[PDB]
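Undergrad: Below: the sequence, then the experimentally determined structure.
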Amino acid sequence: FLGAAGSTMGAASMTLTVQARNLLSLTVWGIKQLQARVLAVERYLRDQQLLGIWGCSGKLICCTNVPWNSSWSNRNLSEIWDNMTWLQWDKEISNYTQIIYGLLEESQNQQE
Amino acid sequence: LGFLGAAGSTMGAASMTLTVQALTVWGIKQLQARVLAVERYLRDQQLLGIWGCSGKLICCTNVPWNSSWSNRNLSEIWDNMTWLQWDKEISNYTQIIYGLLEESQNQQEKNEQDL
Amino acid sequence: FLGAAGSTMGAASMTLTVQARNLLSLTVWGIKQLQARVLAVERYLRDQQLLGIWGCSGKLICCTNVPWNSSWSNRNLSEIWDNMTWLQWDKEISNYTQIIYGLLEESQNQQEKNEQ
Amino acid sequence: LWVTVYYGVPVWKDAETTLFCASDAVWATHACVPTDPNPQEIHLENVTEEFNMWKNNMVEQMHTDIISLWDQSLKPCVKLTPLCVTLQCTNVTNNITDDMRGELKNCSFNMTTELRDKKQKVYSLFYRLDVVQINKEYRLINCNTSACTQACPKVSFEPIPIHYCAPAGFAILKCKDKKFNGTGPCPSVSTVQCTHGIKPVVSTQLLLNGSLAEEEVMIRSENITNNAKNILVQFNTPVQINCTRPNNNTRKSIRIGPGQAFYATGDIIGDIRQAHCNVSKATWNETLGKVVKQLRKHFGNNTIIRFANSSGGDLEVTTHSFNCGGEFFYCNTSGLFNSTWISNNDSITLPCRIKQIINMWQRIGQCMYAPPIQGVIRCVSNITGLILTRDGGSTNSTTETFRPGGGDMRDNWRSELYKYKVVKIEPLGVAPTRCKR
Amino acid sequence: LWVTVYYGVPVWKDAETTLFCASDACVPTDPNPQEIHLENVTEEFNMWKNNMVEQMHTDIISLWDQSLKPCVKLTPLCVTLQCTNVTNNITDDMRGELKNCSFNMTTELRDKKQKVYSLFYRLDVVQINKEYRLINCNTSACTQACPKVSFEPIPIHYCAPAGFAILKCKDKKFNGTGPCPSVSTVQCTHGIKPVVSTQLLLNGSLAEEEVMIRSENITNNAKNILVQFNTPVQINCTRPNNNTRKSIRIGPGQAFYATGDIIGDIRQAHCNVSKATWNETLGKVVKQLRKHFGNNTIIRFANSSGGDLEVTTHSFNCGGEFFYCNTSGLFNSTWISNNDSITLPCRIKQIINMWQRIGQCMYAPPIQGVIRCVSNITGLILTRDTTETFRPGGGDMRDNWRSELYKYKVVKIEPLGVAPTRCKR
Amino acid sequence: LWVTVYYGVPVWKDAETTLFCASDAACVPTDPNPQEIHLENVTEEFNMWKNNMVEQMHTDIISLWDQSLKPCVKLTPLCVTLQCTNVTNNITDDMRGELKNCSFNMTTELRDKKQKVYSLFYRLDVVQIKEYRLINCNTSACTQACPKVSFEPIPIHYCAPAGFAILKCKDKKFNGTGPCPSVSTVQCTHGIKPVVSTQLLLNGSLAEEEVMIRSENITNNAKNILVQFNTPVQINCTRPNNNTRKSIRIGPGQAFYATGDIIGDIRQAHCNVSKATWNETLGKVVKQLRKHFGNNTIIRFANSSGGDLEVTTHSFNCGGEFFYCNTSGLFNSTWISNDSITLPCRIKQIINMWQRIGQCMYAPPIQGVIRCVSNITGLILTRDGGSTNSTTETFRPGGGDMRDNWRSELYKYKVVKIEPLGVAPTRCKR
Amino acid sequence: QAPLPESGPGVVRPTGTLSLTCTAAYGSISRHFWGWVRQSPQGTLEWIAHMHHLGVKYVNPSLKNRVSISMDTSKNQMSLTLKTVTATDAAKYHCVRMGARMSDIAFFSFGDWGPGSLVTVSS
Amino acid sequence: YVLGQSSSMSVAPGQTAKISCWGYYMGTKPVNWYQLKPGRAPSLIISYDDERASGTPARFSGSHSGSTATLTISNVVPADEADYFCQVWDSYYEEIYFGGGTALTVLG
Ligand SMILES: *[C@@H]1O[C@H](CO)[C@@H](O[C@@H]2O[C@H](CO)[C@@H](O[C@@H]3O[C@H](CO)[C@@H](O)[C@H](O[C@H]4O[C@H](CO)[C@@H](O)[C@H](O)[C@@H]4O[C@H]4O[C@H](CO)[C@@H](O)[C@H](O)[C@@H]4O)[C@@H]3O)[C@H](O)[C@H]2NC(C)=O)[C@H](O)[C@H]1NC(C)=O
Ligand SMILES: *[C@@H]1O[C@H](CO)[C@@H](O[C@@H]2O[C@H](CO)[C@@H](O)[C@H](O)[C@H]2NC(C)=O)[C@H](O)[C@H]1NC(C)=O
Ligand SMILES: *[C@@H]1O[C@H](CO)[C@@H](O)[C@H](O)[C@H]1NC(C)=O
Ligand SMILES: *[C@@H]1O[C@H](CO)[C@@H](O)[C@H](O)[C@H]1NC(C)=O
Ligand SMILES: *[C@@H]1O[C@H](CO)[C@@H](O)[C@H](O)[C@H]1NC(C)=O
Ligand SMILES: *[C@@H]1O[C@H](CO)[C@@H](O)[C@H](O)[C@H]1NC(C)=O
Ligand SMILES: *[C@@H]1O[C@H](CO)[C@@H](O)[C@H](O)[C@H]1NC(C)=O
Ligand SMILES: *[C@@H]1O[C@H](CO)[C@@H](O)[C@H](O)[C@H]1NC(C)=O
């Protein structure tokens, strides 16, 4: 679990299943425990909803028809797959992904 | 949600605009609420998958319409009937149709896919 | 429900739909029977995720690129479709199931994903 | 023709669910999801839905929720079991004003202290409505049915607004028809996620601090010709009412056990004057005239409408009972309902008595003791409705008279949850279309 | 040949879960527990490791506890009682069984006390050294059973949650354990009455073919034997002691229902069984026991050995009053190789320590008038010690509910299955 | 280049979630071993002063303490008028007046009878109104502990739910705030012991190779300094006061355990440390304290300022009794750029922990001489914060909120939330 | 729900703005899709635009830059605004009620045509 | 864009008139057939390639094959003389395509 946190993204793309598997699992204690379980289930479902919106519900890697706008990143396909980790990507792409999810919704709902 | 705006629109007009982008006591309350919501959402999704329409909002099936369900017309039920009216006139017939959808075209087609 | 338990493995492969619907539906009692509902939901979701990893997605009767290793019961298809129920198949495959799960998980899905 | 499956079809049925809290932030408003920035209301164009204010489940769930909240708040509070003692009481004839004679009593009694072997002789002022002789020997009116739980002084009874929101997969249908009686079809409907703020005001004869009707006074009833069914009158212009307790009372603290304090009433600083409510006479008669005009529609424009006071019963049904800043008033509404309309400044002063031992919600065996509120109490509110009853049939007469009625406390919330109903959505639908595969 | 995945395969294994009750802390039932008969099935049941019983035990315990939460706690009843005998038509039997006790009791007013009196059974009072005290004051004061709630056992139906199933065996000759050729899948269990009793199982179900003997290891004398009857044996229990119930207000809103004066003669409560029917049923039981101990052994029925009154006597509840009957006339016989009635004298107790728990008792208020009930003996609990002696048994209450949940078990369903097929992706 | 979606991506973000017990066998048993995975080449920002675990652990420990006191006796009848005299037994001069012999009247099993009884009460529990009363009768009625339930700190582990991870900082020189080069992910924490103490961390976890010094703001005199020891300094605490508990039946099934007769002489309960070990440990502390405070400073250790006894004294629980020891002999020294220290201790029975008012517990007397040995593995200090005119700064033992005790244990742990949705450009398309 | 005769100015000057209003009769205008079709003097029919009251609108791309379509459900009407009128715009504008089915194949059908308003482009 | 249509043509009474509609952007989209007479507004006579509108006699019929749609009028009476048009909806281009219109006249 999480072992590829420091590995490159290409070398961390073959360990997706382990991360995906751990996303699913007096009285006052039971309230908190059951609430945490239901919350985890809701996150899994509400993010699978996103996956199925883009038309790849059953897949772990989805390739779409959205063109990669240069306005984000603007770097080589070798540096960003053999010389970085995903955590380094999160900080750079953050505060753009909320529009990418759009242009990922549309380019699937409307194009197909 | 709030998509109910087309409630008075005819089915033909609905269907279309329907392709546009789509402590310890109350703790029991807003836990049964969310558990029931999740169960219902999962039941509808599973039912669709059972019919073979897993991702499709509109899905044509191979179950012919019986000549004892509506028998009205096809140009007026889409131009002079609302979805609420349709459910009122079709209710208590939906269970048979669900059974036909579940048995046919998925149970009788998935097996024939590799046979 | 469960009417094909004593029937042939293939005749029972005509009713997978009826055994799938039943899989999901004082403060002390409510808590006791809330974790039953949450448990049922999470178990169904785990089975569905396992299928989705295996490329079964939403299907019921899939087909896999994993080949049937000859060291698994050594029987013919006629015996494993005509004079045997799902229960003795389950009791015969026992143990030889985590190997099947791994082979489905990685030998087909990940290999095909990196192949594409 | 073939079956086609549509997900997202606009279909609902009538259904009962468990709507939850919504506030806009020491009561139970913290364990209640807070409201959204701006309500999301959609107008269902050309849809006519059937409402029935009298078979609504929201009223019953609000009833149960309010009882549960009230019971939850009176749990960590002091249980006045020791108060069930023999009280030696005298009269309070000091600055009595010829009208509050006999209503107050000065009772001395022995109560427990923080030490178990010692007792203290203390005194308190109790209202006549809360004592009974045991044959100058007195006992609290509750010490033969249940022991009273003292309300914690920290909590406030001021009704905070609460919104009711339907869970996921459910909706609430608001009826925006200005002339909606409350039963039958409403040809102007909207869908809302949450109701507007509903103050859990508790009152018996006069609905207070409620929602006003638009452009006319509205008369509502389950069966107008049935005299056993109450008549709900919703005003369009509020009638302002000012209630005060002139007495300037002082609050004591008696230590009755380890960590337990009982708040008695000390000597009144000043004179003893009755609590009273004032309603402007001109406004009251101009509003009762509108009520008469609207009532004539359901009985004919020749009948004479008479207004008389309460028939009989307990003090919580023959008086306008309310809670004005922590003190529980029971007011004599005889000067309001006393009139006769045939076919065509100044103030009214309603006397009020004050009670400390409250058996709220007609429950037996569960009482609550209200600690005194120090200083003069004055509160201004709006009368926004009435609850009336028609007596018998008086068959073959031109006279219809109406008397104020209390009934249940659900009727206080039928007047707010009358334009709403709860529905369950079916996304799924099956229709005939030309398709295949 | 390639692996093929199936979801919805009808398979199961033994499971442990929490079931829910479906009454007619409980939910309403279904119109009918539709039993789908599973043909060509042969599944192994074990009535003695069934957790459906360990769950019902805790369920009934909790239901009993929550039924006593709002009721009056008789803390003030733990006082010094001044007691005397009850004379005046006492009968030779039942002499000293009742005591007339006066005591000071708290009123609704904290500064006033009332001198009240009541009739207590000898089994509930112990001398202090005339002066007595209630037997529970050393261990714990206890609640008083509210007259509104009844002790009548309402049926409960245990239902399988989602993803589980309940299998019921329809074999006529089940031993309680082993294979069962005829199995069905039932959604909710039949109506099981939680009858609390010892020695004699009451109002149970009948074997439908012959007397059945069920043991865990019948060659182990420590284990108990459950005997099921093909035909019921009627038992008529009565308390001919017409008595008044007086209400004493012991505080604000709290009333203690005491015993007043018994109108008439003092007579001992008893249960009558028919001698002929009992002999016939004992003959059937002896015949079935000979199948397991050989056809030449001497079968001797003797009475219980020793212990508390709750284990040496047939204890039950007859119309709100707690009976303890001396069943030494039923189990007194010897079979070597091949009207009239039996009267069992019972004693009534008012302080009840149910389910062998210590520190929580319950006061059963007196029931006005003559109490009479009729019931069916449909089983026995026996203990064994060339002659085999069997005595009535009084083990844990689970054995009472084992005899009803003996043809049911809970299984967990597996949807996933992998089979070889001639197909490739 | 087209957007490609990845699920199962290993990226995380700081979160504030709820963790559950792992009480080894309202808490569940652990696995055979809490396996950890070392994350290579990862640098994570840690800050133990904003950690949510130190707050949830506080609430959990308070709640478990409350739960063990639900089924126990409530000493309401104990609030009576006590007639107390001095013990005047074979006392020493330091135990003059500390214990009192009180006679009083208690309810029996039978409600109409009362029994005259006696008990020995420490001075800190009685307040005079020869007539005294228990100090709590003004505020609440104390709940006596069930004699079976123990006050031993049993190890608990906090395990994160699905979709969350626990990151452990393995960096040795980690000062509590900043980057941590060596990071592992654990299923959940190691056995953490909820040891309740003030001014002195007991039987905790030691540092490696150096004595560590931690603070939210080393220059802010209002923030307590946490000192973590390299080697333990062992305390021996005893109560040489051979005791006898007698049960008094105060109701129908309720027993109150009262101090009987102390057979033998009566002496101060006391703790002992080694002089040499304490001096070496303070030498290490001063050496590591200079690194933050300039090489030319003069370091003074003095005793606590004043206030409640629960803060001015080293308070702990030794074999079921509650000790409050006078830690003036330890923190008394000036440092310029086989003996034993005996700390006198008082004993209380009426205790209100966690600064809560209105809920008090009464610790029953424990029979016989009580001895305990334990390790000091840290201090909670506080600088005086005077003026820069002087080059000498004084440090006094602290003892504030109990979270400081659990910070010293959960300082290498942070909770993170797994975000498994990742978008990256790839050729593929469609 | 058939349309009443349209309302139109009769003549519009070149470069002017053409305003047309169609009032639905015998029912609600929020029931269906409604559209505008101009018939040339020769006899050809050119579809202009159409819409459903909830906001979905389809406008002929050849006239997208100058067509504005709207509804008012209170008055039960629709309005068309044609900016920068040219000589070729002179035609008889019909207000048509339509149907619409939608399965896998999208569908529209111009059900009930109005009498039409004649628009002549002249100064 | 305008769909192609048959040239304006004439029939003798009792014969059958076939009107054809074709075009590259037609494809399989269903065709609606409309009638236009002097003094009236245009009316639907055929919908979804074969559905007879209300008032459409059994004489009128429709068919769709390939990129060609055929409106067939049998037993022609002089009342049928009118201008006839075909219409489709293109979702990909989101446009209505009307036919160019065929003038059906009657001899005799
Ligand atoms: C109909 O609606 C109207 C308006 O919405 C209601 O009239 C309001 O009534 C409330 C309650 O009486 C009143 O609120 C009080 O107003 C006082 C004067 O402004 C305040 O002094 C008082 O504050 C005290 O009570 C609070 C609640 O407990 C405390 O939080 C607060 O700290 C104050 O308590 C301290 O101070 C008092 C001072 O005497 C002292 O005695 C206490 O011990 C404590 O030390 C409340 O805010 C509103 O002002 C009224 N609004 C108007 C416009 O007049 C009317 O009651 C409603 N009718 C019905 C039937 O519900
Ligand atoms: C209960 O009584 C004690 C004893 O008097 C009170 O504690 C005293 O409080 C006063 C008030 O400031 C102080 O001056 C004394 O120094 C306190 N004495 C001790 C020994 O603490 C306590 O405050 C009282 N509690 C109440 C009134 O709630
Ligand atoms: C369709 O179902 C009805 C029953 O409602 C039946 O009468 C009819 O024959 C069925 N038709 C076909 C084709 O199955
Ligand atoms: C007190 O009041 C009661 C009732 O008003 C009256 O009967 C009694 O005489 C009064 N006593 C005195 C002393 O005023
Ligand atoms: C009658 O009472 C006396 C004294 O209380 C007692 O000794 C005697 O045993 C009682 N009689 C019986 C039969 O127990
Ligand atoms: C209480 O006393 C009785 C006898 O009077 C005894 O049997 C019982 O065990 C005692 N209970 C105790 C000591 O808890
Ligand atoms: C019960 O009968 C079964 C046969 O079905 C047998 O295996 C078992 O040993 C028997 N047990 C007892 C106690 O008789
Ligand atoms: C023992 O006797 C019984 C009598 O019913 C008989 O059925 C059984 O076969 C006998 N067993 C033997 C002789 O082994």
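TA: Everything's here; your move. Numbering: from 1, shown residues only, chains lettered A, B, ... in the order given. Ligands and ions are numbered 1, 2, ... in the order given.

Undergrad: Chain H: strands as residue ranges?
TA: H:4-5, H:9-11, H:17-22, H:32-36, H:43-47, H:51-52, H:60-65, H:68-73, H:82-90, H:95-98, H:102-106 (DSSP state E).

Undergrad: Residue nearest the middle of chain H, spatially speaking?
TA: residue H:33 (4.0 Å; CA atoms, centre = their mean).

Undergrad: contacting residues for residue G:60?
TA: By CB atoms under 8 Å, 6 or more residues apart in numbering or on different chains, the residues touching residue G:60 are G:46-49, G:67, H:95-96. Just so you know, the C-beta spots here come from the backbone N, C-alpha and C atoms, and that holds for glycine as well.

Undergrad: any idea how far it lies from residue H:96?
TA: 8 Å (CB to CB, to the nearest Å).

Undergrad: Give the residues shared as contacts by these two.
TA: Joint contacts of residue G:60 and residue H:96 (CB under 8 Å, 6+ apart) are residue G:47.

Undergrad: List the residues that contact residue 23.
TA: All of this refers to chain A. A:40, A:43-44, F:162-163, F:418, F:420 are the contacts of residue A:23 under CB under 8 Å, 6+ apart.

Undergrad: my question was about chain G
TA: Counted by CB under 8 Å, 6+ apart, residue G:23 has contacts G:3-4, G:7, G:75-77.

Undergrad: Would you mark the buried spots in the helix or strand where it lies?
TA: Secondary structure assignment for residue G:23, by DSSP states H and E: strand G:18-23. Of all the residues in strand G:18-23, those buried under the rule 16 or more other CB atoms under 10 Å in any protein chain shown are G:18, G:20-23.

Undergrad: close enough to count as contact, residue D:67 and residue D:408?
TA: No: checked against CB atoms under 8 Å, the pair residue D:67 and residue D:408 is beyond contact range at 11.8 Å.

Undergrad: got the residues of chain H near chain B?
TA: Along chain H, the residues adjacent to chain B under the rule CB under 8 Å from any CB of the partner chain are H:47, H:51, H:53.

Undergrad: Tell me where the longest helix sits in chain A.
TA: helix A:27-53 (DSSP state H).

Undergrad: ok so, going back, name the nearest residue to the residue nearest to the centre of chain H, ignoring sequence neighbours.
TA: Among residues not flanking residue H:33 along the chain, residue H:46 sits closest, at 3.5 Å (CB to CB, 6 or more residues apart in numbering or on different chains).

Undergrad: returning to what we had before: top of the residues of chain H next to chain B by number of neighbours, please.
TA: The most crowded member of the residues of chain H next to chain B, judged by other CB atoms under 10 Å in any protein chain shown, is residue H:47 (26 neighbours).

Undergrad: Could you report the separation of that residue from chain G?
TA: Using CB to the nearest CB, to the nearest Å, residue H:47 is found at 5 Å from chain G.

Undergrad: who's that residue bridged to?
TA: Taking DSSP bridges, one finds residue H:51 as the beta-bridge partners of residue H:47.

Undergrad: what ranges do the helices span in chain A?
TA: A:9-12, A:16-21, A:27-53, A:79-82, A:86-93, A:97-100, A:102-109.

Undergrad: Output the contacting helices and strands for the first one.
TA: Yep, that's helix A:9-12 we're talking about. helix A:79-82, helix A:86-93 (3 or more CB pairs under 8 Å, 6 or more residues apart in numbering or on different chains; DSSP states H and E).

Undergrad: right, so of those, which gets closest to chain E?
TA: If you check each of those against chain E by CB to the nearest CB, helix A:79-82 wins as the nearest, at 28.4 Å.

Undergrad: Does that closest one reach chain F?
TA: Yes: using CB under 8 Å from any CB, helix A:79-82 comes into contact with chain F via A:80-81.

Undergrad: starting at the chain centroid, how far to that helix?
TA: 18 Å (CA atoms, centre = their mean, to the nearest Å).

Undergrad: How about stretch A:76-95?
TA: 14 Å.

Undergrad: So residue D:358 is in contact with residue D:371, correct?
TA: No: under the criterion of CB under 8 Å, residue D:358 is not in contact with residue D:371, lying 11.7 Å apart.

Undergrad: returning to that earlier point: the residue nearest to the centre of chain H: what's it in contact with?
TA: Residue H:33 touches H:19, H:44-47, H:60, H:62, H:71, H:84-87, counting by CB under 8 Å, 6+ apart.

Undergrad: likewise residue D:239?
TA: Residue D:239 touches D:279-280, D:283-284, D:287, D:382-384, counting by CB under 8 Å, 6+ apart.

Undergrad: For those residues, which two are the farthest from each other?
TA: With CB to CB as the measure, no two of those lie farther apart than D:280 and D:384, at 15.0 Å.

Undergrad: how close does the closest residue to residue H:107 other than its chain neighbours get to chain E?
TA: Closest residue in space to residue H:107, ignoring its immediate chain neighbours: residue H:12 at 4.6 Å, by CB to CB, 6+ apart. According to CB to the nearest CB, residue H:12 and chain E sit 63 Å apart.

Undergrad: Then residue H:86?
TA: 46 Å.

Undergrad: what do you get for residue D:61?
TA: 19 Å.

Undergrad: What residues sit buried inside the helix or strand that contains that residue?
TA: For residue D:61, the host element (DSSP H and E) is helix D:57-73. Going by neighbour count (16+ other CB under 10 Å), the buried part of helix D:57-73 is D:57-59, D:61-63, D:65-66, D:69-70, D:73.

Undergrad: tell me what it is packed against?
TA: Using 3+ CB pairs under 8 Å, 6+ apart, helix D:57-73 sits against helix D:411-414, strand D:420-433.

Undergrad: residue closest to the middle of chain G?
TA: Note: chain G centre (CA atoms, centre = their mean) maps to residue G:36, 2.2 Å.

Undergrad: my read is that one is in a helix, agree?
TA: No: counting by DSSP: H, G, I helix; E, B strand; the rest coil, residue G:36 is not found in a helix; it is strand.

Undergrad: tell me the contacts of it?
TA: Counted by CB under 8 Å, 6+ apart, residue G:36 has contacts G:20, G:22, G:47-50, G:69, G:80, G:93-96.

Undergrad: For it, name its beta-bridge partners.
TA: residue G:49, residue G:95.

Undergrad: And it, how close does it get to residue H:96?
TA: Taken as CB to CB, the span from residue G:36 to residue H:96 is 11 Å.
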